[PDB]
């Protein structure tokens, strides 16, 4: 088609510009319509200093692209009625019984974990010496000596910020969900993901760490003019509205001992993410029922929450577009979208039958910069 190579023109243009402007170091961008890959492109370098070209198979640190993966594992367990949307967390983790400031211990429901209404927080959303800092809670991307259980027992000792269900607050909820999933299946989270997602979806290269050092894109972050590599334990200022300071340790991805963070700890390639997003868009025979897919993109949290700015609520696995006009996007209502601080965006538009995966090795341009939006614009011409 001329329309397909017309798209290739626009998208390629946005990526090449972003490299020459030193906004992006490297990216892999995949676009499907009705499930068929209409565009696939690796641009720039996996590693600039070694001039290793980015290729389609290049693996990334996924950060929050981990969430829709583990949300999918849960929704499958829920389809099979091994888990309930209205199960308490304490039913599965008897010691996870956090309190509000006034001492009340309200039940947290699985649906609250899925939509980040559990009253949980992120340490990166808290100022220095805030309650999560003082307790030594980990967000899933930094070095630590903890097991998941040890980290969630620390989280259990922190105040909730609100009644479970009363408001959206981006959270460690999916790290908690991971531990629930372990109790449901009777095995650790990496084995849960392998059995419940990777094998059914035929994923080639996605998990909680990699032994393939050379094929993992080097993480970069935005500086003065040019992007420099992220050093283990670097404290980066999050863009305004995203939080305060985030602790990143790019070596964590290589550590087979690092606790499995359902919210932020996974690694994987763009094609595995596209399999995931197509699955969320339509379901698949013997994996996810269309009805479950439709459930996951309801506005369980209303667009009052502004989860990607005005017009965006939240479902199960990402933000739900309720008002495309208010949000000034060519995306259509029902669009499911989220990203990753390491530098990623993804969405399916159910009306246009399209899925977009935009993995970069550049934080925060790939997540919150102009790049994800100009790609978005290139898809809809």
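Positions refer to the first chain, counted from 1.
- Mean CA B-factor, 342 to 350 versus 323 to 331: the higher value falls on 323 to 331.
- Between the stretches 286 to 294 and 176 to 184, it is 286 to 294 that shows the larger average CA temperature factor.
- Per the deposited coordinates, the residue with the largest Cα temperature factor out of 243, 103, 136, 140 is 243.
- Considering 273, 83, 201, 113 together, the PDB entry gives 201 the largest C-alpha B factor.
- The PDB entry assigns residue 257 a C-alpha temperature factor belonging to the highest third of its chain's modelled residues.
- Among all modelled residues in its chain, residue 281 ranks in the middle third by Cα B-factor.
- Remark: residue 215 belongs to the highest third of its chain, ranked by C-alpha B-factor as recorded.
- Residue 316 sits in the lowest third of its chain by CA B factor, as recorded in the PDB entry.
- Ranked within its chain, residue 107 lands in the middle third, by CA B factor from the PDB record.
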